[PDB]
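Chains as they are written, first to last, in PDB author numbering: chain B, 1 to 393, 709 to 772, 780 to 1015, 1021 to 1115, 1121 to 1140; chain A, 48 to 213, 220 to 426. What follows is a short report on a single structure.
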Amino acid sequence: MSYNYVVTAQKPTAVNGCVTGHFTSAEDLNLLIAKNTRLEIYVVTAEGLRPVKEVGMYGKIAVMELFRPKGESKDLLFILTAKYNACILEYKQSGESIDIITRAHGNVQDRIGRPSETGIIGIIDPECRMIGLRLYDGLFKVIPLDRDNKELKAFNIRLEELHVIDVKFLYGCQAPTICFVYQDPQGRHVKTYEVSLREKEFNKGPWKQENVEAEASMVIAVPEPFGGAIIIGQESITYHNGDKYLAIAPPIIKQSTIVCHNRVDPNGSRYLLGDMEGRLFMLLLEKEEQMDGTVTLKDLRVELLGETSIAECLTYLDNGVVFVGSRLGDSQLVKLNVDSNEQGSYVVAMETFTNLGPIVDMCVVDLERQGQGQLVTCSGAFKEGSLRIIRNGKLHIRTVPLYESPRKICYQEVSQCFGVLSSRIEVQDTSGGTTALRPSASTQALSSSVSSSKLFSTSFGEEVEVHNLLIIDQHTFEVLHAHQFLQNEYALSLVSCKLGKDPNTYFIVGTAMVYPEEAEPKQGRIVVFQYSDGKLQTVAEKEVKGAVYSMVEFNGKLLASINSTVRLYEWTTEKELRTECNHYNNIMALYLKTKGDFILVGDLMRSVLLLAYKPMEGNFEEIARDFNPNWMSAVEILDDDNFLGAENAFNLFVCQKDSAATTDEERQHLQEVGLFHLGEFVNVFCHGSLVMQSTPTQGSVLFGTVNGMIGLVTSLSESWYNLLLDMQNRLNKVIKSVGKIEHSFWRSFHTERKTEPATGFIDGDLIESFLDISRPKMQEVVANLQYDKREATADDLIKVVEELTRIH
Amino acid sequence: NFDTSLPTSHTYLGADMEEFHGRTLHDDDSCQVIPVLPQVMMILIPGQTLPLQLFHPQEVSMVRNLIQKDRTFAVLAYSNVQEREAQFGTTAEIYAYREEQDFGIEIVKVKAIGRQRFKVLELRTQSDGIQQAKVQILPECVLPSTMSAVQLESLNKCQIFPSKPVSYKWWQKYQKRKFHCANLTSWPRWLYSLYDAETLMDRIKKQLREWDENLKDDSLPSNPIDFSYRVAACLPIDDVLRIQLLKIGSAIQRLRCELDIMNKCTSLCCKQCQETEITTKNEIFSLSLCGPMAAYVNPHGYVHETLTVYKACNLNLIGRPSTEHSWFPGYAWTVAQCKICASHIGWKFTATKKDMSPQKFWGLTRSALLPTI
Ligand SMILES: Cn1nc([C@H]2CCC(=O)NC2=O)c2ccc(NC3CCNCC3)cc21
Ligand SMILES: [Zn+2]
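Shown next as structure tokens:
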């Protein structure tokens, strides 16, 4: 009984995969980028990147590779999704038409098994003979590579090692050989196996087992003529080739942890390494020729190339040009110079690409005072933090760097400013204290202040988080004011409202007092600041026993959640908070939403409660509840009877209050009414719209995710819902998806333990794409359609779809 | 210096027993009807043992029929003893059986263990003096790690940790590295750790370690479900708390509730008095692998639960040492009664002559005890 509609306003931006090779032609250098569900294909040229193609897949891309079987002019792309749909695709271009041909496809799911903690792993034989996969612990799946395997049938092999840290293939071996590093009670080791397709089994590898560092994580398969493998851990780098064994411990690596790598020269004479803190190293392999025998290694070196964005994947294109794909910030295209600048870095920034994600909080405002709204979001983390202003013009985006992690944001019209909660990383000093790592917005405020309440009365090299409240102008986006909180304090909630008869507007902040020894908070604060004449004042404060997990302004009073308790304070004329109502529950009220006199309480375990406030008695009475063990990210209220939430496995669910029930038992239960598989990790919900203000849709809710995607959700009516469902069925029947994946399976509610078809949600992306097809396909889709009644020609469908698309 | 594996075997009821090997796991959420014992006022938790001596014709016939078909029956936790109603119960699988004759009366010795929970959906009275309840098997939900849903891979190579050394710094490092992706969400790291199975288990074990000082990591199970059931079995609370812990369907929620109960309870007192200091939390200490509380059966026929403690007040002792069917091999015992209510409370035990062991032992029954949180 939901009748909802969900569409995507901004496509995801975070890049999770990148590869390079000859894909579109035998002589063109191609770069392929995978951003969640989107695939982009560029042709590298002298000046930069020229976009060539862009497509979408009905799933999340977990593995991507390029390989050229014998007798192939170009390469083929092997792709695997998060639901274990696998496919092999080819690039076909005839004249002015570009499309990807599905050479093969299949599903490689297993009936039973617990997925490995380390996640999906996929590799390909350098000889292009088979594909190896690691999905569930204790098993290793193998897919033969033959022209007669259009169904992609694979078989499993047993691994006696349960916890396999990493695995890779090896070069220059007569039979397929795999080297992998695993762990057991004794420690971590590296072992090699030979894969026998004929017998479908394992055989003793070329060289025996060996012991490695206690933190080895990276395995690199050096090509010919060196052969062997390289193990990269926390404090050492080693090279194994059977009898030959070499090792080095570069001190300049102890600070960060290598997480990405890539190969520069074809013969494996150099490599690029990327750590967690936006650093880029160049690893070199020296070569020595002895007599008339295959060259051998002599030594290893690491040189600090420089600094870039926090890198998730690296790729060397040409002429010392490197693509750095990142998830916490903007992607980059940089250059390498033989010489060094004065500072000493060999990297020269060339080009940048925006990345909204991750989105941790947002608000909708109207800076121009028109009817057209604008969206302000807190994007990125660490030195990549910033504010993003999005306005409809394609979307127009403006970025304001901060150099620290923002967490919250709110708007206050009267003062014409934004209040932002933020945090920065500081390192303990020798004398005992804190020192910042770099200039940031928190430390560069025109005016500064430090909280001084005294209401409550370590080691070297440790890291701490310093929280701050930043008052930012709304025209120039410059940091007007900064206020620091007490040491060891945490900020959780932020609001701006007016209380009681007081005509002023305050910032009300909730904070918790956390200590490493204690496991749960036991003391927190609510602070009321007033920002006037460019200065911030601590108007009032109240100390509570617990941790304020949320706050919402409730018809002139303040509603707060303290541990497993809900409290309602009023605002007397003496500028103070006096507790007015209390209510005790059995869960922590992490999520708190309000609507008229109804309050929605939500817990991290997907427990939902619906309460009401009794004005005549001034007490809280429980109205409804619903409990179902699962992970929940956010909740929202659509109307007086419908509620929306984001659940584990990247799912959306919609519950309804059964007010039509006859007996109390039914009246006090919330019936689930809608399920959907969004494919994104929803992080924040908000009410508003980006288009300037009879319509076929009522209301609108925007949601922001972790990959930088932005989505919109609206309501509908029964007739429109049925019409759209029929249209979607017909379109799925007609159109074809890349990889030959069934759309319904893609939008099926997945939870790793149960699966159900999507209900109550009308996918909007398919309807929108309805317009990009040729006329004959539209006629085929519209054939035998009953629309208000008549034959329902394609013109009616086109008009209705245009009406829908107009909403964004 | 007293063996902790002796009382667990229940050697008192018998030495040689016809052990039955094999398991029959009922399909989840299915609907099945099973016989119910007539006289049972004990709430059974999965993974706990239960002996029983039976001498009634209809009950003995029921057991004889059952001992060959599946060896499974049902136990109903009664919310109210007077009115025999219940909404939740536990399936019990029998793993022992013996027969005896006492000059013309058949006596059956049975040992079983709980397997699964359920919500009763109907009950009927067969024309044999017993009852049969049709019920649906409840589900056992286990959730993946909270951080697995945040992203897909990110840094999966760092999600596996070195073996825990045989610790504060280790725990801090574990929290810092395991939940590193928490910065991509709207909640801090400690908030996520508050819903982590391993941290909850470690806190539970640390809380319990005061009671037993020789406790071994192998002494308590490793799986969250087994650990939760074991902890819930051996806590000194009234039947309402046990029913509440039974209703919970998720391991994490059960662990959180158990930790809350542990941190709330302070002391116990006579049920009839409602105000009589008999013992505090610290005094609790176990002498068996199962824990301070375990199941036993009087040769008279009634089965009484008892715990282990080393201090009692407001008690009057009555009787002299005896050893005829005592559950532990080698010990004296004398009845005790409330000083004010005069009601029987427990049994005072004196160690045996052999070598030496705790001379004064107090073993009470939860029926006459109630916490004072
Ligand atoms: C009432 N009551 N309680 C017990 C407890 C005491 C503590 C224990 O370790 N186990 C128990 O069984 C007990 C044991 C034996 C008899 N025996 C009588 C009936 C059979 N004929 C001989 C007299 C009665 C008994
Ligand atoms: Zn008493």
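Where a beta carbon is used, it is the ideal one built from N, C-alpha and C, also for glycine.
Which bits of chain B does residue i rub up against, with CB to CB less than 7 Å?
i	result
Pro191 (chain A)	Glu1079
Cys188 (chain A)	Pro951
In the structure shown, what three-state DSSP assignment does residue i receive?
i	result
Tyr245 (chain A)	helix
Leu821 (chain B)	coil
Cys205 (chain A)	coil
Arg111 (chain A)	helix
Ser341 (chain A)	coil
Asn1056 (chain B)	helix
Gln178 (chain A)	strand
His68 (chain A)	coil
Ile305 (chain A)	helix
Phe280 (chain A)	helix
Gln260 (chain A)	helix
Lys317 (chain A)	helix
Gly1091 (chain B)	helix
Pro115 (chain B)	strand
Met57 (chain B)	coil
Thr354 (chain B)	coil
residue 776 (chain B)	Since the model of chain B passes from 772 to 780 in one step, residue 776 (chain B) is not part of what is shown.
Name, in chain order, the residues that DSSP records as bridge partners for residue i.
i	result
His105 (chain B)	B:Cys87
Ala934 (chain B)	B:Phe920 and B:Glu943
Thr1086 (chain B)	B:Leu997
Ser195 (chain A)	DSSP, once it has assigned bridges, lists no residue as partnering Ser195 (chain A).
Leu992 (chain B)	B:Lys979
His189 (chain B)	B:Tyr182 and B:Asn211
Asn351 (chain A)	Answer by DSSP bridge pairing: none, since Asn351 (chain A) is not bridged.
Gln727 (chain B)	B:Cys732
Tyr812 (chain B)	B:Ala834
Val142 (chain B)	B:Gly132 and B:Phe155
Which residues of chain A have a Cβ atom closer than 9 Å to the Cβ of residue i, listed in chain order?
i	result
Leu333 (chain B)	Here the premise fails: no neighbours, minimum Cβ distance about 23 Å.
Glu117 (chain B)	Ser192, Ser195, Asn203, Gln206 and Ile207
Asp361 (chain B)	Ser239
Under 7 Å between beta-carbons, which chain A residues line up against residue i? List them in chain order, please.
i	result
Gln183 (chain B)	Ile207
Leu926 (chain B)	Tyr248
residue 778 (chain B)	Residue numbering in chain B jumps from 772 to 780; residue 778 (chain B), which lies between, is not modelled.
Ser379 (chain B)	Residues of chain A passing the Cβ test: none, with the nearest at roughly 11 Å.
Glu842 (chain B)	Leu247
Can you pull the chain A residues whose beta carbon is under 8 Å from the beta carbon of residue i, in chain order?
i	result
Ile165 (chain B)	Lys204 and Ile207
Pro721 (chain B)	Ordered by position in chain A, no residue passes the 8 Å Cβ test against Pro721 (chain B), which lies about 11 Å from the chain.
Listing by chain order, which chain B residues have their CB less than 8 Å from the CB of residue i?
i	result
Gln306 (chain A)	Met927 and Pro951
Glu200 (chain A)	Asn16, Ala62, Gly119 and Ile120
Please determine whether the Cβ atom of residue i lies at a distance below 7 Å from any heavy atom of ligand 3.
i	result
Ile290 (chain A)	Absence of ligand 3 is noted for the structure shown, with ligand 1 and ligand 2 being the only ligands found.
Using a Cβ cut-off of 9 Å, pull out every chain B residue sitting near residue i, in sequence order please.
i	result
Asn369 (chain A)	Neighbours of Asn369 (chain A) on chain B: none; closest Cβ ~41 Å, over 9 Å.
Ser210 (chain A)	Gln183, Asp184, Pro185, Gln186 and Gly187
residue 215 (chain A)	Coordinates for residue 215 (chain A) are absent; the numbering of chain A skips from 213 straight to 220.
- Query: Hey, which residues come within less than 6 Å of ligand 1, measuring from Cβ to any heavy atom, in chain order?
  - Reply: A:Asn351, A:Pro352, A:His353, A:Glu377, A:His378, A:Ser379, A:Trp380, A:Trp386 and A:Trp400
- Query: Are the segment 356-363 of chain B and the segment 67-86 of chain B touching, with three or more C-beta to C-beta distances below 8 Å?
  - Reply: Taking a cut-off of 8 Å on C-beta distances, the segment 356-363 of chain B does not touch the segment 67-86 of chain B, as fewer than three cross pairs fall below it.
- Is the number of C-beta pairs between the segment 1074-1092 of chain B and the segment 990-998 of chain B that are closer than 8 Å three or more? yes
- Message: When you compare the segment 1049-1066 of chain B with the segment 1090-1098 of chain B, are there three or more beta-carbon pairs, one atom per stretch, that lie closer than 8 Å?
- Response: yes
- Inter-stretch contact at 8 Å, needing at least 3 Cβ pairs: the segment 287-295 of chain B / the segment 222-242 of chain A: no
- Query: At a cut of 8 Å, does the segment 794-809 of chain B reach the segment 751-771 of chain B through at least three beta carbon pairs?
  - Reply: yes
- Message: Below 8 Å, how does it come out for the segment 31-49 of chain B and the segment 1121-1134 of chain B: are there three or more Cβ pairs, yes or no?
- Response: no
- Assess, as a yes-or-no matter, whether the segment 310-320 of chain A is touched by the segment 402-420 of chain A under the definition of 3 or more beta carbon pairs within less than 8 Å. no
- Message: I'd like to know if the segment 199-211 of chain A and the segment 93-109 of chain A are in contact, where contact means that at least 3 CB-CB pairs between them fall below 8 Å.
- Response: no
- Message: Quick check: the segment 338-352 of chain B against the segment 362-371 of chain B, are at least 3 beta-carbon pairs closer than 8 Å?
- Response: Contact fails between the segment 362-371 of chain B and the segment 338-352 of chain B, because fewer than three Cβ pairs, one in each stretch, are under 8 Å apart.
- Item | the segment 114-127 of chain B / the segment 63-72 of chain B touching (three or more Cβ pairs under 8 Å) | Yes: the two stretches touch, three or more of their Cβ pairs being nearer than 8 Å.
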